[PDB]
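1. Fold the following for me, if possible:
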Amino acid sequence: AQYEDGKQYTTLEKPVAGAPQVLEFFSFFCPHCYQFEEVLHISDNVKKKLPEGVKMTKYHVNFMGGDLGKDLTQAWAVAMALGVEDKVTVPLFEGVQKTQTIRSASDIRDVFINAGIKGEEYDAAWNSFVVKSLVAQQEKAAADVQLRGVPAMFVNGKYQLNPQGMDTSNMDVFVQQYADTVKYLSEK
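-> Numbering: from 1, shown residues only. Structure data below:
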């Protein structure tokens, strides 16, 4: 076939019921994730090709960067609760991997302050049990699906994207092949 199990995607031996339709995992410590977000704009190009009705979920993971890794998962929870993903994603990536100015929870906080979220609003979210459960959700989703590597994308809790099986000579072509694969899996 043109799309084949084990080539552009793999199948989960143990499907995850009730899972989000398109589910993406990343880490601000993850070098390919930096690429996926700032150079390739994967999440975005997947959206542009998804059917109508399909929601996209993106979660942070704990297994990179130890203690700060966990802080970042909580901050991503804050970002999701406040609806400011599109304002902190880039400064967080660059603060961790480009400038290396993010070294503590306080530095993570500075990124939000500079993006214009008010301190009181950030600290209140940070400490909220809405954010605790949003952290819980991120962890549970990663736990449900084997997850020991990022970037990762899952479609309907049953298929997992396999970017190693796509040509990377051309970045634009890689992205489209990726997005089309998601759309194919989506319609499956």
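2. which element is residue 44 on?
-> Secondary structure assignment for residue 44, by DSSP states H and E: helix 42-47.
3. so what secondary structure elements neighbour that helix?
-> The contact analysis (3 or more CB pairs under 8 Å, 6 or more residues apart in numbering; DSSP states H and E) places helix 42-47 against strand 56-60, helix 171-186. In this view, the C-beta of every residue, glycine as well, is placed from N, C-alpha and C.
4. just so I know, which of these lies nearest residue 35?
-> Nearest to residue 35, of all these, is helix 171-186, at 8.9 Å by CB to CB.
5. mind listing what's buried in the closest one?
-> 174, 175, 177, 178, 179, 181, 182, 183, 184, 185, 186 (16 or more other CB atoms under 10 Å).
6. correct me, but the third one touches residue 8?
-> Yes - contact status for residue 177 versus residue 8: in contact at 7.4 Å, counting by CB atoms under 8 Å.
7. now the helices: where do they sit in this structure?
-> In the chain, the helices defined using DSSP state H lie at 31-34, 42-47, 66-82, 85-93, 105-114, 119-127, 129-144, 171-186.
8. shouldn't residue 61 be in contact with residue 150?
-> Yes - taking CB under 8 Å as the definition, residue 61 is a contact partner of residue 150 at 5.8 Å.
9. list the residues that contact both of the two?
-> Between them, residue 61 and residue 150 have 25, 26, 27 as joint contacts when contacts are counted by CB atoms under 8 Å, 6 or more residues apart in numbering.
10. quick one, what contacts the last one?
-> Translated: residue 27. The neighbours of residue 27, taking CB under 8 Å, 6+ apart as the test, are 33, 60, 61, 63, 64, 65, 69, 72, 150.
11. What of residue 10?
-> Contacts for residue 10 (CB under 8 Å, 6+ apart) come out as 159, 160, 162.
12. Which of these ranks first by neighbour count?
-> Going through the contacts of residue 10 with other CB atoms under 10 Å as the criterion, the one with the most neighbours is residue 159, at 22 neighbours.
13. In the sheet, which residues pair with that residue? Tell me.
-> residue 11, residue 155 (DSSP bridges).
14. so it sits right up against residue 188, yeah?
-> Yes - in terms of CB under 8 Å, residue 159 counts as a neighbour of residue 188; the distance is 7.2 Å.
15. so what sits against both of the two?
-> Counting by CB under 8 Å, 6+ apart, residue 159 and residue 188 have no contacts in common.
16. Would you tell me which of the helices and strands packed on helix 42-47 gets closest to residue 134?
-> Nearest to residue 134 among these is strand 56-60; the distance by CB to CB comes to 9.4 Å.
17. Next, the angle from the closest one to helix 171-186.
-> When axes from the mean of the first three to the mean of the last three CA atoms, to 10 degrees is applied, the directions of strand 56-60 and helix 171-186 differ by 110 degrees.
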